[PDB]
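Quick notes on the structure that follows.
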There are 2 protein chains.
Amino acid sequence: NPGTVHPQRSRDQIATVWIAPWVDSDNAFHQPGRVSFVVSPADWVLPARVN
Amino acid sequence: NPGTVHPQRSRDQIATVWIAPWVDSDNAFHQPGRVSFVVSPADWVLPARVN
């Protein structure tokens, strides 16, 4: 019979950057916060071994 | 956790100038008075220490 593999999807890798307090153009103070973005998304990991 | 700061707004700085008695174009005597203006307005004082 032809073989079987298990599709494996890799986890997303995330990155979080802390932001320091800041004032915008409308003079509202922004206390320190953080924003997260995904650097490398999830994908199928083709099989090391078919059988 | 990300830190917390207290927004601090500085006080306005004012300036008062005494005016001496004077007569205008319509011949009305103006006894000595004073007028106040703001030289530096209030603003957010960004933090010396975030933590």
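In the structure tokens, each chain is lettered A, B, ... as it comes, each chain's residues begin at 1, and ligands are numbered from 1 in order of appearance.
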Between chain B and chain A, at 12 Å or less, what are the per-residue closest atom pairs and their distances in Å? Count only C-alpha atoms, order by chain and rising residue number, and return it as a tab-separated table.
```
residue	atom	partner	partner_atom	distance
B:1	CA	A:33	CA	9.2
B:2	CA	A:33	CA	6.0
B:3	CA	A:32	CA	6.2
B:4	CA	A:31	CA	6.5
B:5	CA	A:31	CA	6.5
B:6	CA	A:31	CA	8.2
B:7	CA	A:29	CA	6.8
B:8	CA	A:29	CA	9.4
B:9	CA	A:29	CA	10.0
B:42	CA	A:27	CA	11.0
B:43	CA	A:27	CA	8.3
B:44	CA	A:29	CA	7.3
B:45	CA	A:29	CA	9.6
B:46	CA	A:21	CA	7.4
B:47	CA	A:21	CA	7.7
B:48	CA	A:21	CA	10.7
B:49	CA	A:21	CA	10.3
B:50	CA	A:20	CA	7.8
B:51	CA	A:32	CA	10.0
```
Write the selection just made, keeping N, CA and C atoms, as a short mmCIF file (atom, residue, chain, number, x, y, z; two decimals), in the first residue's frame?
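The resulting file, part14.cif, is reproduced below:
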```cif
data_model
loop_
_atom_site.label_atom_id
_atom_site.label_comp_id
_atom_site.auth_asym_id
_atom_site.auth_seq_id
_atom_site.Cartn_x
_atom_site.Cartn_y
_atom_site.Cartn_z
N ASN B 1 4.54 42.49 34.19
CA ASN B 1 3.57 43.43 33.62
C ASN B 1 4.25 44.70 33.10
N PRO B 2 3.64 45.36 32.10
CA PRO B 2 4.22 46.64 31.67
C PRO B 2 4.02 47.65 32.80
N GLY B 3 4.92 48.60 32.96
CA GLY B 3 4.81 49.53 34.08
C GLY B 3 3.67 50.53 34.08
N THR B 4 3.63 51.39 35.09
CA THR B 4 2.62 52.44 35.15
C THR B 4 3.28 53.74 35.58
N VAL B 5 2.86 54.86 35.00
CA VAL B 5 3.41 56.14 35.42
C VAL B 5 2.22 57.02 35.71
N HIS B 6 2.43 58.18 36.33
CA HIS B 6 1.32 59.09 36.56
C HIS B 6 1.48 60.27 35.63
N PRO B 7 0.49 60.50 34.79
CA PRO B 7 0.70 61.68 33.95
C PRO B 7 0.77 62.92 34.82
N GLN B 8 1.78 63.75 34.60
CA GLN B 8 1.93 64.96 35.38
C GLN B 8 1.91 66.11 34.42
N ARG B 9 1.09 67.10 34.71
CA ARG B 9 0.99 68.24 33.84
C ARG B 9 1.62 69.37 34.61
N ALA B 42 0.77 74.98 30.15
CA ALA B 42 0.91 73.67 30.77
C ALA B 42 1.15 72.60 29.72
N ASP B 43 1.86 71.54 30.11
CA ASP B 43 2.13 70.42 29.23
C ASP B 43 2.45 69.19 30.06
N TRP B 44 2.37 68.03 29.42
CA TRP B 44 2.77 66.78 30.05
C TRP B 44 4.27 66.77 30.28
N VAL B 45 4.63 66.31 31.47
CA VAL B 45 6.07 66.16 31.79
C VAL B 45 6.40 64.68 31.65
N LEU B 46 7.01 64.28 30.54
CA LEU B 46 7.27 62.84 30.30
C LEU B 46 8.09 62.29 31.47
N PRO B 47 7.90 60.99 31.83
CA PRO B 47 8.54 60.50 33.07
C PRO B 47 10.03 60.34 33.18
N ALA B 48 10.60 60.77 34.29
CA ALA B 48 12.01 60.54 34.53
C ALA B 48 12.23 59.05 34.68
N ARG B 49 11.34 58.37 35.41
CA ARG B 49 11.44 56.92 35.56
C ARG B 49 10.15 56.16 35.24
N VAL B 50 10.19 55.26 34.26
CA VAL B 50 9.03 54.43 33.94
C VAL B 50 8.71 53.44 35.06
N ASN B 51 9.74 52.85 35.65
CA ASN B 51 9.53 51.89 36.72
C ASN B 51 9.87 52.49 38.08
#
```
Put chain B on top of chain A with a least-squares fit on all C-alpha atoms, paired in order, and send it back as an mmCIF file with N, CA and C atoms, in the first residue's frame.
```
data_model
loop_
_atom_site.group_PDB
_atom_site.id
_atom_site.type_symbol
_atom_site.label_atom_id
_atom_site.label_comp_id
_atom_site.auth_asym_id
_atom_site.auth_seq_id
_atom_site.Cartn_x
_atom_site.Cartn_y
_atom_site.Cartn_z
ATOM 1 N N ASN B 1 0.820 -1.216 0.000
ATOM 2 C CA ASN B 1 0.000 0.000 0.000
ATOM 3 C C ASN B 1 0.852 1.264 0.000
ATOM 4 N N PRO B 2 0.323 2.374 -0.547
ATOM 5 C CA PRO B 2 1.084 3.625 -0.449
ATOM 6 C C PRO B 2 1.102 4.052 1.010
ATOM 7 N N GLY B 3 2.157 4.712 1.465
ATOM 8 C CA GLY B 3 2.254 5.055 2.875
ATOM 9 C C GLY B 3 1.299 6.095 3.430
ATOM 10 N N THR B 4 1.447 6.423 4.710
ATOM 11 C CA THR B 4 0.626 7.462 5.326
ATOM 12 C C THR B 4 1.518 8.340 6.189
ATOM 13 N N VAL B 5 1.263 9.646 6.199
ATOM 14 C CA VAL B 5 2.036 10.525 7.058
ATOM 15 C C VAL B 5 1.023 11.336 7.833
ATOM 16 N N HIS B 6 1.455 12.064 8.855
ATOM 17 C CA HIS B 6 0.524 12.922 9.577
ATOM 18 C C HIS B 6 0.835 14.350 9.232
ATOM 19 N N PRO B 7 -0.147 15.062 8.686
ATOM 20 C CA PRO B 7 0.218 16.444 8.417
ATOM 21 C C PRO B 7 0.537 17.160 9.720
ATOM 22 N N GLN B 8 1.658 17.861 9.758
ATOM 23 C CA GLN B 8 2.044 18.575 10.959
ATOM 24 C C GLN B 8 2.175 20.019 10.593
ATOM 25 N N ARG B 9 1.540 20.883 11.368
ATOM 26 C CA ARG B 9 1.591 22.289 11.082
ATOM 27 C C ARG B 9 2.439 22.869 12.186
ATOM 28 N N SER B 10 3.414 23.694 11.822
ATOM 29 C CA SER B 10 4.322 24.298 12.829
ATOM 30 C C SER B 10 3.597 25.426 13.551
ATOM 31 N N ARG B 11 3.980 25.759 14.777
ATOM 32 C CA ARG B 11 3.371 26.874 15.507
ATOM 33 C C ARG B 11 3.823 28.215 14.974
ATOM 34 N N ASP B 12 2.985 29.237 15.085
ATOM 35 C CA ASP B 12 3.380 30.586 14.677
ATOM 36 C C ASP B 12 4.417 31.114 15.633
ATOM 37 N N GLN B 13 5.334 31.937 15.151
ATOM 38 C CA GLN B 13 6.286 32.562 16.061
ATOM 39 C C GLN B 13 5.879 34.001 16.240
ATOM 40 N N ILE B 14 5.769 34.440 17.488
ATOM 41 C CA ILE B 14 5.292 35.788 17.739
ATOM 42 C C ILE B 14 6.374 36.687 18.290
ATOM 43 N N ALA B 15 6.160 37.991 18.200
ATOM 44 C CA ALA B 15 7.116 38.933 18.761
ATOM 45 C C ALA B 15 6.364 40.077 19.419
ATOM 46 N N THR B 16 6.740 40.388 20.656
ATOM 47 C CA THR B 16 6.115 41.456 21.431
ATOM 48 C C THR B 16 7.152 42.535 21.712
ATOM 49 N N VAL B 17 6.763 43.788 21.444
ATOM 50 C CA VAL B 17 7.634 44.938 21.679
ATOM 51 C C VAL B 17 7.019 45.871 22.711
ATOM 52 N N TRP B 18 7.716 46.134 23.812
ATOM 53 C CA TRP B 18 7.227 47.097 24.798
ATOM 54 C C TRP B 18 7.365 48.527 24.296
ATOM 55 N N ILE B 19 6.327 49.332 24.505
ATOM 56 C CA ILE B 19 6.351 50.725 24.082
ATOM 57 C C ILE B 19 6.461 51.614 25.306
ATOM 58 N N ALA B 20 7.328 52.618 25.255
ATOM 59 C CA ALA B 20 7.452 53.565 26.360
ATOM 60 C C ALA B 20 6.383 54.658 26.341
ATOM 61 N N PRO B 21 6.133 55.327 27.514
ATOM 62 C CA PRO B 21 5.127 56.389 27.458
ATOM 63 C C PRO B 21 5.336 57.475 26.413
ATOM 64 N N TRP B 22 4.249 57.927 25.789
ATOM 65 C CA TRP B 22 4.365 58.923 24.727
ATOM 66 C C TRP B 22 3.165 59.839 24.544
ATOM 67 N N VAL B 23 3.438 61.039 24.030
ATOM 68 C CA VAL B 23 2.378 62.001 23.754
ATOM 69 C C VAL B 23 2.236 62.118 22.248
ATOM 70 N N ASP B 24 1.012 62.064 21.753
ATOM 71 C CA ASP B 24 0.724 62.158 20.330
ATOM 72 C C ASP B 24 0.451 63.609 19.937
ATOM 73 N N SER B 25 -0.018 63.792 18.699
ATOM 74 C CA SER B 25 -0.303 65.126 18.185
ATOM 75 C C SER B 25 -1.475 65.793 18.894
ATOM 76 N N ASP B 26 -2.328 64.996 19.535
ATOM 77 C CA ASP B 26 -3.520 65.533 20.196
ATOM 78 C C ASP B 26 -3.309 65.654 21.689
ATOM 79 N N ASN B 27 -2.053 65.648 22.119
ATOM 80 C CA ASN B 27 -1.732 65.812 23.538
ATOM 81 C C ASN B 27 -2.443 64.883 24.512
ATOM 82 N N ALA B 28 -2.501 63.588 24.213
ATOM 83 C CA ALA B 28 -3.054 62.650 25.172
ATOM 84 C C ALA B 28 -1.893 61.761 25.556
ATOM 85 N N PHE B 29 -1.637 61.644 26.855
ATOM 86 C CA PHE B 29 -0.538 60.820 27.349
ATOM 87 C C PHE B 29 -0.832 59.341 27.133
ATOM 88 N N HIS B 30 0.161 58.587 26.675
ATOM 89 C CA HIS B 30 -0.020 57.150 26.486
ATOM 90 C C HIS B 30 0.943 56.368 27.356
ATOM 91 N N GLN B 31 0.458 55.810 28.460
ATOM 92 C CA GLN B 31 1.291 55.061 29.397
ATOM 93 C C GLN B 31 1.881 53.817 28.737
ATOM 94 N N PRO B 32 2.976 53.261 29.338
ATOM 95 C CA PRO B 32 3.592 52.131 28.631
ATOM 96 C C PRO B 32 2.714 50.937 28.340
ATOM 97 N N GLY B 33 2.783 50.452 27.113
ATOM 98 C CA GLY B 33 2.034 49.283 26.704
ATOM 99 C C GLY B 33 2.856 48.351 25.842
ATOM 100 N N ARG B 34 2.191 47.474 25.090
ATOM 101 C CA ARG B 34 2.891 46.538 24.227
ATOM 102 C C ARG B 34 1.998 46.155 23.057
ATOM 103 N N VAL B 35 2.626 45.762 21.944
ATOM 104 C CA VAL B 35 1.885 45.331 20.750
ATOM 105 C C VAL B 35 2.556 44.073 20.186
ATOM 106 N N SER B 36 1.771 43.055 19.847
ATOM 107 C CA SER B 36 2.344 41.801 19.359
ATOM 108 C C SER B 36 2.112 41.591 17.872
ATOM 109 N N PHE B 37 3.111 41.067 17.165
ATOM 110 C CA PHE B 37 2.926 40.759 15.754
ATOM 111 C C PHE B 37 3.508 39.393 15.465
ATOM 112 N N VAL B 38 3.074 38.776 14.371
ATOM 113 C CA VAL B 38 3.572 37.451 14.014
ATOM 114 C C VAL B 38 4.685 37.571 12.991
ATOM 115 N N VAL B 39 5.860 37.051 13.324
ATOM 116 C CA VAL B 39 7.004 37.145 12.431
ATOM 117 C C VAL B 39 6.995 36.009 11.410
ATOM 118 N N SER B 40 6.833 34.768 11.864
ATOM 119 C CA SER B 40 6.768 33.619 10.969
ATOM 120 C C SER B 40 5.467 32.860 11.205
ATOM 121 N N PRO B 41 4.609 32.761 10.196
ATOM 122 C CA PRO B 41 3.311 32.102 10.375
ATOM 123 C C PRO B 41 3.439 30.585 10.348
ATOM 124 N N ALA B 42 2.327 29.930 10.675
ATOM 125 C CA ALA B 42 2.277 28.475 10.658
ATOM 126 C C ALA B 42 2.289 27.953 9.228
ATOM 127 N N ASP B 43 2.833 26.752 9.053
ATOM 128 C CA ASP B 43 2.872 26.109 7.749
ATOM 129 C C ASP B 43 3.015 24.604 7.935
ATOM 130 N N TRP B 44 2.720 23.866 6.868
ATOM 131 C CA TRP B 44 2.932 22.428 6.865
ATOM 132 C C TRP B 44 4.421 22.116 6.893
ATOM 133 N N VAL B 45 4.752 21.139 7.723
ATOM 134 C CA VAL B 45 6.162 20.682 7.786
ATOM 135 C C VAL B 45 6.233 19.385 6.989
ATOM 136 N N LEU B 46 6.714 19.443 5.750
ATOM 137 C CA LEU B 46 6.727 18.231 4.895
ATOM 138 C C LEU B 46 7.492 17.123 5.614
ATOM 139 N N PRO B 47 7.104 15.827 5.405
ATOM 140 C CA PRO B 47 7.705 14.765 6.234
ATOM 141 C C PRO B 47 9.154 14.383 6.091
ATOM 142 N N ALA B 48 9.834 14.205 7.216
ATOM 143 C CA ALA B 48 11.199 13.713 7.170
ATOM 144 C C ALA B 48 11.173 12.289 6.640
ATOM 145 N N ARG B 49 10.217 11.483 7.108
ATOM 146 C CA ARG B 49 10.078 10.111 6.610
ATOM 147 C C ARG B 49 8.672 9.748 6.147
ATOM 148 N N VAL B 50 8.520 9.375 4.878
ATOM 149 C CA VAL B 50 7.220 8.924 4.369
ATOM 150 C C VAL B 50 6.791 7.599 4.986
ATOM 151 N N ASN B 51 7.732 6.683 5.142
ATOM 152 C CA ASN B 51 7.415 5.381 5.715
ATOM 153 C C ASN B 51 7.907 5.273 7.153
#
```
